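*Asks:* just the first chains of my complex for now:
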Amino acid sequence: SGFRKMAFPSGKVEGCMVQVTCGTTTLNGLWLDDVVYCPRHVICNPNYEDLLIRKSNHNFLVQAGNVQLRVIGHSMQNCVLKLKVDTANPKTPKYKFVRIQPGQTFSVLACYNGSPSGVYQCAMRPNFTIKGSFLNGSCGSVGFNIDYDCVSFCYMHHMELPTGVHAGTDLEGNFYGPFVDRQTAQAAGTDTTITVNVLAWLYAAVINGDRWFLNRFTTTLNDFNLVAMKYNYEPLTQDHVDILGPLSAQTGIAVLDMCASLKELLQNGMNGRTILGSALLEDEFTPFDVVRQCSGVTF
């Protein structure tokens, strides 16, 4: 029993974190085989090709623990800088670079000066920001998931927006969202609630014994989406309904029956009650996260 915001074990990623220094900027890098990946703003209206051409390999100081790595090459891929080093990381795990979609969750290993500080779980918001916890020096910290024994790196931290939320790129340097890596006027767009995730968390509450919100009613997908659009909830698709199939079979509550419960919660509130110790509807657990935590999958 119990339901916690759970992150993946971070050890395989901790063994890849390094400190990258160029000029007065110090930030974090990800050392995989003989390449260090880091935000291209470590070299800083920036013209990154003009700034980069003026740098020599020895301008980049890379430190792994108490060991200095020597940079032997450099190249830029989108908003990510790739520093070729003479030493392959002996701790390189089995890995992939994957781009995630809004609504998907991942673990963040927050680092400062190449040293891991903490691990937390978060979701890519529908507005492409993440509600992280990052201070100055956290740039280059990474987000990941683990599948079997393989680390899928999905996020690299680049900046904080004026509302306190965060923006970054995939490991190929493509930003999530309409953001740019420059000190300019930027803002997160209006965010929405991840409906499929709220439904997954309601199934998790049922599995753990919280059933007060269940009712005898059902709804159609069309009527549910009309109500959900009114409450700034993301539209629920047939793919979301299919994805929730296993949880619907385990609890005996059809997805549209759980949608009827969610409509009543949106229209009436909780009335002094809580669900899994929360007075808000939680949207940062995917259907897969719920199945994984209620089954004990290991890595």
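*Replies:* Cool, got the structure. Numbering: from 1, shown residues only, chains lettered A, B, ... in the order given.
*Asks:* the residue nearest the centre of chain A: which element?
*Replies:* The centroid of chain A falls nearest to residue A:106 when counting by C-alpha atoms, centre = their mean (4.0 Å). In this assignment (DSSP states H and E), residue A:106 forms part of strand A:105-112.
*Asks:* what do you get for residue A:264?
*Replies:* Counting by DSSP H and E, residue A:264 is part of helix A:255-268.
*Asks:* and that helix, what does it pack onto?
*Replies:* Judged by 3 or more C-beta pairs under 8 Å, 6 or more residues apart in numbering; DSSP states H and E, helix A:255-268 is in contact with helix A:195-207, helix A:221-230, helix A:245-251. In this view, the C-beta of every residue, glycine as well, is placed from N, C-alpha and C.
*Asks:* burial count for the nearest residue to residue A:88 once chain neighbours are set aside?
*Replies:* Closest residue to residue A:88 apart from its sequence neighbours, by C-beta to C-beta, 6 or more residues apart in numbering: residue A:34 at 4.6 Å. By the criterion of other C-beta atoms under 10 Å, residue A:34 has 16 neighbours.
*Asks:* what residues does residue A:34 make contact with?
*Replies:* A:84, A:85, A:86, A:87, A:88, A:89 (C-beta atoms under 8 Å, 6 or more residues apart in numbering).
*Asks:* contact partners for the residue nearest to the second one when sequence neighbours are not counted?
*Replies:* If the residues on either side of it in the chain are set aside, residue A:85 comes closest to residue A:69, at 4.5 Å by C-beta to C-beta, 6+ apart. The neighbours of residue A:69, taking C-beta under 8 Å, 6+ apart as the test, are A:18, A:31, A:36, A:62, A:63, A:85, A:86, A:87.
*Asks:* on the three-state scheme, the third one is what?
*Replies:* I take that to be residue A:36. strand (DSSP: H, G, I helix; E, B strand; the rest coil).
*Asks:* if I look at it, how far off is residue A:81?
*Replies:* To residue A:81, residue A:36 is 8 Å away according to C-beta to C-beta, to the nearest Å.
*Asks:* how close does residue A:294 get to residue A:9?
*Replies:* The value you get for residue A:294 to residue A:9, if C-beta to C-beta is used, is 18 Å.
*Asks:* same deal with residue A:107?
*Replies:* 9 Å.
*Asks:* quick one: which of the two has more around it?
*Replies:* residue A:107 (21 against 13).
*Asks:* residues contacting the residue nearest to that one when sequence neighbours are not counted?
*Replies:* Among residues not flanking residue A:107 along the chain, residue A:7 sits closest, at 3.9 Å (C-beta to C-beta, 6+ apart). Contacts for residue A:7 (C-beta under 8 Å, 6+ apart) come out as A:107, A:108, A:119, A:120, A:121.
*Asks:* ok, residue A:266 next?
*Replies:* A:227, A:228, A:231, A:233, A:281.
*Asks:* quickly list the domain ranges of chain A.
*Replies:* A:1-14+A:94-191, A:15-93, A:192-295 (CATH domains of a matching chain).
*Asks:* now the end-to-end length of stretch A:278-293.
*Replies:* 18 Å (C-alpha to C-alpha, to the nearest Å).
*Asks:* what lies in contact with that stretch?
*Replies:* Against stretch A:278-293 from outside (C-beta under 8 Å, 6+ apart): A:3-6, A:103-105, A:121-123, A:193-204, A:207, A:243-244, A:246-247, A:262, A:265-266, A:270, A:275-276.
*Asks:* let's put chain B on the structure above:
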Amino acid sequence: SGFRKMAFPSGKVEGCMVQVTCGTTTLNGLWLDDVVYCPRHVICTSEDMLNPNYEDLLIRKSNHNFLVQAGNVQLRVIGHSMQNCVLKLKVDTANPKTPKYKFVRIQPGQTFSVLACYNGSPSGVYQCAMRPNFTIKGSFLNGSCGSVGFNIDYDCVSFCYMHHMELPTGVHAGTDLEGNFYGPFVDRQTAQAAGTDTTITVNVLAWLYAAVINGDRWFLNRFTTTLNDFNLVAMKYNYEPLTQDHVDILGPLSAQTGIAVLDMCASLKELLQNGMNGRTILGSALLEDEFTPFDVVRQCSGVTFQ
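*Replies:* Once chain B is put in with the chains from before, the structure reads:
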């Protein structure tokens, strides 16, 4: 900016997790140097759990009855001893991944990270607090026994908890790494229940200071309170008494924000009376009590968003 329930990086602990088997029971062990620590109930059957005599059950076992597996490698047990509710299995190989570590016993209100494991393999990491009633609100399934709680302030791991059982209310009970239980619990399936739980007042105040540091002040008021009047009100909402030690401990956060501890207590009294009125504090509609004053200072900026 931001404020998350943040766990310590788990790598140093992952390299210590092993699987321990005795007969038909399998659970997790912590391998530090040449010793594997695990719950002594690994020697019990489910029948034994009503009134087990651990001394009598243990004397019938030899070293080769304990199977210890680290990854895909079988470790050889060369000795065994019981210390309180933990079994210590001497092995013929010292763990080459043993981090710098200490065994620390914590007090209620303290937080720690839990690395939940099954079959000696880490599954996930989350942040927890030792409740005032000595239980923890964890997330554990069958096979999670032997999973550990820890803190890593600096590069030294301080192990503070080892998981032993789930009580009927769904909450969890365990021991320190010397095998002494937290709370009035026994590693016996007897009618024991968690006592009435209370809110960790000093932690709620720490989290209100975290909200101020992150730029929010809507909940502040023009009042102050005496410590005794605060405690008289707090007890009515099932909040733990606030002591002078707690007031002293909150001194640094008070100095950084410019809000006196008793002035923050007055704000808490008003939040208990009025609720949040559709508002949130650090993304929560409830008063959060699983961040200590130390956790707030570690995570938050040293400069307040005035």
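*Asks:* ok chain B is in now, so what about the contacts of residue A:266?
*Replies:* Contacts here follow C-beta atoms under 8 Å, 6 or more residues apart in numbering or on different chains; on that basis residue A:266 touches A:227, A:228, A:231, A:233, A:281.
*Asks:* how about a cut-off of 7 Å?
*Replies:* Residue A:266 makes contacts with A:227, A:231, as judged by C-beta atoms under 7 Å, 6 or more residues apart in numbering or on different chains.
*Asks:* what of residue A:135?
*Replies:* So residue A:135 contacts residue B:301 (C-beta under 7 Å, 6+ apart).
*Asks:* which of the helices or strands spans it?
*Replies:* Using DSSP H and E, residue A:135 falls outside every helix and strand.
*Asks:* look up phi and psi at it.
*Replies:* Note on residue A:135: its backbone torsions stand at phi -110, psi 180 [degrees, to the nearest 10].
*Asks:* swap in the one 10 residues further on?
*Replies:* With angles defined as degrees, to the nearest 10, residue A:145 sits at phi -130, psi 160.
*Asks:* hmm, it is touching residue A:152, no?
*Replies:* Yes: using C-beta atoms under 7 Å, residue A:145 makes contact with residue A:152 at a distance of 4.9 Å.
*Asks:* what's the closest non-adjacent residue to the residue of the stretch 1-150 of chain A found nearest chain B?
*Replies:* Using C-beta to the nearest C-beta, residue A:11 is the residue of the stretch 1-150 of chain A that sits closest to chain B, at 3.0 Å. Excluding its sequence neighbours, the residue lying closest to residue A:11 (C-beta to C-beta, 6 or more residues apart in numbering or on different chains) is residue B:11, at 3.0 Å.
*Asks:* picking that back up, beta partners of the residue nearest to the centre of chain A?
*Replies:* residue A:122 (DSSP bridges).
*Asks:* that one and residue A:141 touch, don't they?
*Replies:* No: using C-beta under 7 Å, residue A:106 is not in contact with residue A:141, being 11.9 Å away.
*Asks:* and residue A:275, how many neighbours?
*Replies:* Residue A:275 has 22 neighbours, counted by other C-beta atoms under 10 Å in any protein chain shown.
*Asks:* who's in contact with it?
*Replies:* Contacts of residue A:275 by C-beta under 7 Å, 6+ apart are A:205, A:210, A:213.
*Asks:* between the residues you listed, which sits nearest chain B?
*Replies:* Using C-beta to the nearest C-beta, these come closest to chain B at residue A:210, 10.4 Å.
*Asks:* make sure the closest one is indeed in a helix.
*Replies:* No: read with three-state DSSP, residue A:210 is coil and lies in no helix.
*Asks:* is it true that it touches residue A:276?
*Replies:* Yes: taking C-beta under 7 Å as the definition, residue A:210 is a contact partner of residue A:276 at 6.1 Å.
*Asks:* what about the strands in the stretch 51-200 of chain A?
*Replies:* For the stretch 51-200 of chain A, the strands defined by DSSP state E, counting those that start in this stretch cover A:61-64, A:67-69, A:71-77, A:80-85, A:94-97, A:105-112, A:115-123, A:142-147, A:150-160, A:166-169.
*Asks:* which helices and strands does the longest one pack with?
*Replies:* Read that as strand A:150-160. strand A:94-97, strand A:142-147, strand A:166-169 (3 or more C-beta pairs under 7 Å, 6 or more residues apart in numbering or on different chains; DSSP states H and E).
*Asks:* need the contact partners of that strand.
*Replies:* Outside strand A:150-160, the residues touching it (C-beta under 7 Å, 6+ apart) are A:12-13, A:39, A:41, A:79-80, A:93-100, A:106, A:134, A:138-145, A:166-171, A:181, B:1.
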